[PDB]
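Let me begin by presenting the structure, written as structure tokens, before commenting on it.
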Amino acid sequence: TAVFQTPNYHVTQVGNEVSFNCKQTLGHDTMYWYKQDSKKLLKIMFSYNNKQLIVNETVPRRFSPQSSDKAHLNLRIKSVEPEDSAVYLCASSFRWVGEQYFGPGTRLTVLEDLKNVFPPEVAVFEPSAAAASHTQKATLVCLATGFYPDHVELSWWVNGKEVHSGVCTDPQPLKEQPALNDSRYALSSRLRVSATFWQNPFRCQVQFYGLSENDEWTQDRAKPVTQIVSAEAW
Amino acid sequence: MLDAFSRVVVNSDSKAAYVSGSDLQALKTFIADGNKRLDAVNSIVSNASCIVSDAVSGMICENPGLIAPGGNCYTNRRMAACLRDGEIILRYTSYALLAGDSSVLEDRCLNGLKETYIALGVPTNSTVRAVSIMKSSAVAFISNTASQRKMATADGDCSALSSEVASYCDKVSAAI
Amino acid sequence: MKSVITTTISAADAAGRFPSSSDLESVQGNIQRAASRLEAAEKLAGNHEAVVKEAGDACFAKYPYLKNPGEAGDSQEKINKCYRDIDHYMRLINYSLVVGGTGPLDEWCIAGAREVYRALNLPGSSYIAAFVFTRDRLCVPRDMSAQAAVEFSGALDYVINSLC
Amino acid sequence: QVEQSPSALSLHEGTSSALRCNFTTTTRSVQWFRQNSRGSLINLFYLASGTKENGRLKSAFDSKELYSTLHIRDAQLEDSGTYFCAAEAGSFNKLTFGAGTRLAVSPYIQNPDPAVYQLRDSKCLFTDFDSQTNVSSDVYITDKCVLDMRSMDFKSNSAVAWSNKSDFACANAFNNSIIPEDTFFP
Ligand SMILES: C=CC1=C(C)[C@@H](Cc2[nH]c(/C=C3N=C(/C=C4/NC(=O)[C@H](C)[C@H]4CC)C(C)=C\3CCC(=O)O)c(CCC(=O)O)c2C)NC1=O
Ligand SMILES: C=CC1=C(C)[C@@H](Cc2[nH]c(/C=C3N=C(/C=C4\NC(=O)[C@H](C)[C@H]4CC)C(C)=C\3CCC(=O)O)c(CCC(=O)O)c2C)NC1=O
Ligand SMILES: C=CC1=C(C)[C@@H](Cc2[nH]c(/C=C3N=C(/C=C4\NC(=O)[C@H](C)[C@H]4CC)C(C)=C\3CCC(=O)O)c(CCC(=O)O)c2C)NC1=O
Ligand SMILES: C=CC1=C(C)[C@@H](Cc2[nH]c(/C=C3N=C(/C=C4\NC(=O)[C@H](C)[C@H]4CC)C(C)=C\3CCC(=O)O)c(CCC(=O)O)c2C)NC1=O
Ligand SMILES: CCC1=C(C)[C@@H](CC2=N/C(=C\c3[nH]c(C[C@@H]4NC(=O)C(C)=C4CC)c(C)c3CCC(=O)O)C(CCC(=O)O)=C2C)NC1=O
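Protein chains in written order, with my numbering: chain Z, 1 to 234; chain V, 1001 to 1176; chain D, 2001 to 2164; chain R, 3001 to 3186.
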């Protein structure tokens, strides 16, 4: 049906080594690793048929592909530079005839300074009584600020019931102070509900992804790791 | 058997890859000096009769125990067989020099020779002595340094082919 | 591997003779022709993907019936295997040009082709139409020189005649 | 090796136009791609010198003329995305992509009710407005975020406007732009 690869996200610092692994479940035999840069331009980085490299687009020797099985294709990157920050895409298709089936893709972020990451602050407002009494509709708003990077997925769970209708997350952020080093990026989300649901007596969960156990976090600042903070709102 | 060209192909088959530019350039050097290779080989063949009698008589003189009663070159039947098979070894060396690969020497003459020489009681110490004389004679003929026999040939170097002949005769001595 | 060198060595070996002038005359012929053949092998090596991929398309254009269910090439896995065989044949033709004879063709693709294709129900005219189209594009001197085209077309006519 | 003109084309529903992707060398086949808001590419077309229809679109390819065309008709809201044309031109080995085209569709409002209410901030919804007005430096305005009630089939474009300075209120959020005269005061 589709191609799935792990890990979903990975952020590291300068000098670290990264490796994304892709696996595909179809009867395909040729995989590609597309390196789409910050300009959303897709340029082929590696292609592997079975066990033999078939495409080398003047790739520097630092990038080294390691393939074990025809369903596996890894990439080990040494001497990683900040300028190599890009989104990496895994593809699979038959070598001669057939269309290419793509996967979700992985985003890689390299930090100039590792001390520029801070925990987010989340605040949820209450529906206005005048708005609900005038327009017969209530809309909830959740806001997250002071977070990094953009590795968030917002879901709303209404009393333990999974819902896939009425969710809207901003595609792109807005820069506040251009040329002022690395400006803060934030995105807002909105929740439109029915009058009956709000009238008859719900949690904005902001997923966070950062460093892993393979990186040394020995700094004085508290580690902004995932924890359980629960808020309620009607 | 396999020649110089066919050895390149067999190697490229094991990886299921076309003959690359790097391997093709190696063949082009083989072809460019192909006149030298025939020029070498003709020198060996033209003196094949005297090379063998150099070896067999030379091996006997340093080891007189071969022609003593009970030796393995005592009668005329054994002496004739020593000359016959010693010439066969030289014949297959010229095939290897002509073809440019030692596969023909290993497959058709050197395969199973050691186990046969044990059955007949042929000494291995004396056999390798006779072969090592043949290598010294062929190399001296190849480089055109024979004391009493000169052949007119355009000036040049043949260290590449003399090293080729020396290694082929070393394969025979190492097998048995 | 039949070639110029092995044919004469095998002929001399059977008679128990040293390589004479007749045998050294045959190898001299290889030196003259090796210039032309090794240009054709270089051209094919750097463009095998384009030749093979267009050759397979001409086969399926001439015989659309291979697409029907119950025939060879009735699914996408089968159709890929059809192109893979043409690559194998175009690979051995590259071997034939380098070796200089019909050696690699005879002992690796032609020897048991009659029994294998009959057992697997692969029509022989599908492979013939693949090589006829390739032999028709071949033009001089844009693709290769005058002598290289003769050497390349010679190997292709050998393959077709075995499938005829 | 692909030239695309114009870069972007925003068409109203019912207006007729076409999308073109041009190539310099012979191409066996072209793959058309759709990029969603998450950024994932979903395969749209896959044809080799032929015509394929899917919904309200149609594509074509002429090998002798080295071009491909794409036609759109009666654009729907769900068809928002980024258009990408990829060709297997060159040595018939690698896929080359174009620049891309972005298209967005706005909904029809049956009854506009422009009004702004003030919501108390513990420790401002500009909805029901006209889509003919565009927004741009120092103003913190986010992009229009689309909502759709699939039960009642009610669509609306709504936006949020906030700031850090306490001297600014939600009443004059659309101050730098040209606000319509339809503004209602309490
Ligand atoms: C060096 C020797 C060598 C070859 C020459 C080929 C020979 C060959 N090809 C196929 C593989 C195949 N070849 C085809 C393709 C085709 N479908 C069509 O439309 C056509 C009629 C036909 C080619 C024109 C099909 C259908 C198969 C699958 C099994 C079969 O042969 O029926 C198979 C079966 C399994 C396999 O893939 O190995 C074999 C033995 N392969 C080799 O390794
Ligand atoms: C496959 C390769 C190949 C060979 C090399 C020969 C191998 C070979 N040589 C001999 C034959 C022989 N081999 C030798 C030769 C020697 N004994 C000595 O004392 C020397 C050290 C040594 C020099 C080489 C002798 C003397 C005989 C006869 C006696 C015997 O068979 O042991 C025989 C037995 C037949 C006969 O007696 O004529 C055979 C099979 N034939 C081949 O086609
Ligand atoms: C039909 C069979 C056949 C042969 C027998 C040779 C004959 C031959 N020999 C050389 C000539 C040559 N071959 C040699 C080799 C040698 N130089 C030395 O120092 C050694 C004494 C000698 C090897 C024994 C060299 C160095 C040349 C000079 C040019 C060259 O490299 O070919 C040449 C090229 C120039 C010329 O005509 O003289 C030819 C055709 N080749 C053939 O086509
Ligand atoms: C291994 C050997 C071997 C080859 C490498 C091919 C050579 C070959 N010829 C064409 C095919 C072509 N060659 C020409 C030109 C011509 N117009 C014609 O009708 C004539 C054939 C020719 C007269 C000069 C053009 C224009 C194409 C089509 C592809 C292109 O646009 O270049 C192609 C397709 C793509 C390309 O041009 O590279 C190939 C691979 N033939 C072989 O057998
Ligand atoms: C009495 C029993 C008897 C012999 C026979 C010799 C055997 C002999 N002569 C040699 C050496 C030898 N012999 C020849 C052949 C010969 N020389 C020529 O130069 C020309 C033109 C020849 C034609 C007949 C060559 C070509 C060599 C190599 C070196 C050389 O050029 O002399 C070698 C090789 C060296 C080695 O392997 O150790 C030995 C031992 N000695 C013996 O005990």
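We treat Cβ as the ideally placed atom computed from N, Cα and C, and that holds for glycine.
Beta strand (DSSP E) segment containing residue i, residue limits
{"i": "R/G3081", "result": "3081–3087"}
{"i": "Z/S189", "result": "188–192"}
{"i": "residue 239 of chain Z", "result": "The structure shown has nothing for residue 239 of chain Z, since chain Z only spans 1 to 234."}
{"i": "R/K3052", "result": "3052–3054"}
{"i": "Z/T12", "result": "9–13"}
{"i": "Z/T6", "result": "4–6"}
{"i": "R/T3101", "result": "3101–3103"}
{"i": "Z/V55", "result": "52–55"}
{"i": "Z/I77", "result": "72–77"}
{"i": "Z/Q66", "result": "63–66"}
Sheet register partners of residue i (DSSP bridge)
{"i": "R/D3148", "result": "R/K3155"}
{"i": "D/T2006", "result": "Partner(s): none; D/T2006 has no beta bridge."}
{"i": "Z/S92", "result": "Z/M31, Z/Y101"}
{"i": "Z/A123", "result": "Z/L143"}
{"i": "R/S3068", "result": "R/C3021, R/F3061"}
{"i": "D/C2164", "result": "Answer is none; D/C2164 lacks a bridge partner."}
{"i": "R/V3030", "result": "R/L3047, R/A3087"}
{"i": "Z/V206", "result": "Z/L154"}
{"i": "Z/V110", "result": "Z/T12"}
{"i": "D/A2045", "result": "Answer by DSSP bridge pairing: none, since D/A2045 is not bridged."}
{"i": "Z/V87", "result": "Z/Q36, Z/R107"}
Buried/exposed call for residue i, threshold 16 Cβ in 10 Å
{"i": "R/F3023", "result": "buried"}
{"i": "V/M1001", "result": "buried"}
{"i": "V/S1147", "result": "exposed"}
{"i": "Z/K35", "result": "buried"}
{"i": "V/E1087", "result": "buried"}
{"i": "D/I2093", "result": "buried"}
{"i": "V/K1135", "result": "buried"}
{"i": "R/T3015", "result": "exposed"}
{"i": "V/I1051", "result": "buried"}
{"i": "Z/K161", "result": "exposed"}
{"i": "residue 2228 of chain D", "result": "Residue numbering for chain D in the displayed model covers 2001 to 2164; residue 2228 of chain D lies beyond these limits and cannot be assessed."}
{"i": "Z/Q100", "result": "buried"}
{"i": "residue 998 of chain V", "result": "The requested residue 998 of chain V does not occur in the structure, where chain V is confined to residues 1001 to 1176."}
{"i": "D/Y2083", "result": "buried"}
{"i": "V/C1061", "result": "exposed"}
{"i": "R/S3063", "result": "exposed"}
{"i": "V/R1091", "result": "buried"}
Endpoints, the alpha helix (DSSP H) within which residue i is located
{"i": "R/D3062", "result": "Looking at the DSSP string, R/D3062 is not in any alpha helix (DSSP H); the run it does join, the beta strand (DSSP E), is 3057–3062."}
{"i": "V/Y1168", "result": "1159–1175"}
{"i": "V/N1125", "result": "1124–1142"}
{"i": "Z/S47", "result": "Taken as a continuous stretch (DSSP letters only), Z/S47 belongs to no alpha helix (DSSP H), being part of the beta strand (DSSP E) at 42–49."}
{"i": "V/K1028", "result": "1021–1032"}
{"i": "Z/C22", "result": "No alpha helix (DSSP H) contains Z/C22, which is instead part of the beta strand (DSSP E) from 21–23."}
{"i": "V/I1060", "result": "1048–1062"}
{"i": "R/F3168", "result": "Note, R/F3168: premise wrong, no alpha helix (DSSP H); not H, not E."}
Close Cβ partners of residue i (< 7 Å) along its chain, the five nearest in sequence each way excluded
{"i": "D/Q2032", "result": "none"}
{"i": "D/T2102", "result": "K2002, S2096, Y2158"}
{"i": "D/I2079", "result": "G2073"}
{"i": "Z/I44", "result": "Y32, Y34, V55, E57"}
{"i": "V/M1079", "result": "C1073"}
{"i": "R/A3171", "result": "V3116"}
Close-in-space but distant-in-sequence residues of the same chain around residue i (CB under 8 Å, 5 per side omitted)
{"i": "residue 2184 of chain D", "result": "It is not possible to answer for residue 2184 of chain D, since the shown part of chain D is limited to 2001 through 2164."}
Sequence-distant residues of the same chain with beta carbon closer than 6 Å to residue i, five excluded per side
{"i": "V/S1103", "result": "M1001, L1002"}
Any non-hydrogen atom of ligand 7 within 6 Å of residue i CB
{"i": "D/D2143", "result": "The model on display carries ligand 1, ligand 2, ligand 3, ligand 4 and ligand 5 but not ligand 7."}
Any residue whose CB is nearer than 6 Å to a heavy atom belonging to ligand 5, listed in chain order: Having a Cβ closer than 6 Å to some heavy atom of ligand 5 are V/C1050, V/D1054, V/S1057, V/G1058, V/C1061, V/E1062, V/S1132, V/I1133, V/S1136, V/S1137, V/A1140, V/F1141, V/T1145, V/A1146, V/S1147, V/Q1148, V/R1149.
Shell residues, 5 Å Cβ cut-off relative to heavy atoms of ligand 3: Qualifying residues come out as V/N1035, V/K1036, V/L1038, V/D1039, V/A1040, V/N1042, V/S1043, V/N1144, V/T1153, V/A1154, V/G1156, V/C1158, D/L2024, D/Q2028.
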